[PDB]
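Only one chain is given next, in structure tokens, and it is the form deposited in one PDB entry.
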């Protein structure tokens, strides 16, 4: 409790079978395939076979009394699932959709840990830099009686905070960004870390990441991950998530890969995914976004199969035949020919109609913006290239519409000002330029209703997150996705690969939450 007294519990003044035995005892109650990993890394790893060879219910009905305000019943179910997860010496992944509310559930579960079994910290929380304040606010609001600091600033400020509170053990939560964890590990490697919580666990995918390696060096009683969408593209990434969760069990990537992904059985189908549902049922929890929400109506996603232009065809053939050193050149040409140097006609440059018809997509694009403009709609172009987004900006100038652009080079204050002015009440702002993988999740463009994915991405999750900039809670009229695809080109290839990835994700995970 007292800083000096709590120093005796925080700092680390000093084959963990002690919890491993109970872990396996509870885990083998399910299907026997769970022990296949250990029967593999027992011949592979003899030291871990010493536990296999030998071999409280708190439903927590109502919303926590110790927290402020009322807590939603589905969040009650989630936090009870976290409680059950704790009282089994196992760790899981909460995977509710963005905006459903996960920070509240996590901090309510921490309040459980602190006020029902009396362990006031330490707790490490890792999140993207933009979210830290939005964590501290809920920390102070829902359970006010707790101390926490953001551990931010220049070297001097962070060192002062470390000396004042970290080594002095004057905290309960030590919320810190992804970069801070790497920056200061030695001062932070020894707090014994009851839990380590990672919001937006999409970052921890590659096992060779510096963040991954650093996090493996930490010593913690138990872990936890928060992430809206696990398994973006591959299955090995989900394996990496699970491996970080429980390295005792998921210590064999090749096993899981050859099990489903690296080798899909030559049977008809679905036996292996039934076994996957059995395996991951106790580990990962996810709920349908539309399970309790009504409100947001579903999106009217459409494809506009545009052709090609004469100059576009010429350039595309010139690229196909064989200064340019990638297949992405095809994606540039299929996108807009002006990206190349010399395509623009003449050292004198103009802005008249000589660009609209020269680009295949932008013709139908202009038609659709017009048709919506005499209908009272706003546009959220999400191209994949900032350089091309300049071309679209020039075109919008020619048509005399209103910019509001946030690329990756837009300063944070400029970003928030643009969000404010566009999302403001009635204003002269027709189109909203934006690059898909920009801004993180701190954008709430709920005023508009029409989004046009100008290009397509390799993984569908990026597009889905981009489409959530207008389909989140809030906007309650209509959503019209208008992704543009050009036929007989590499764009068809990337669309097909994205579709197969989305189907894989659907079958693997999007059948669990139906049972959940």
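Residue numbers count along the first chain shown, from 1.
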| property | result |
| --- | --- |
| Test item: residue 265 lacks coordinates in at least a third of other entries | yes |
| Residue 322-residue 323 interval: deposited residues absent from the model | 10 or more |
| Continuity check for residue 14 and residue 15, given as deposited residues lacking coordinates between them | 4 to 9 |
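There is also a form deposited in another entry; it is not shown, and the following applies to it.
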item	value
Two-part rigid split between the shown form and the other one: residue 241, residue 299 together	no
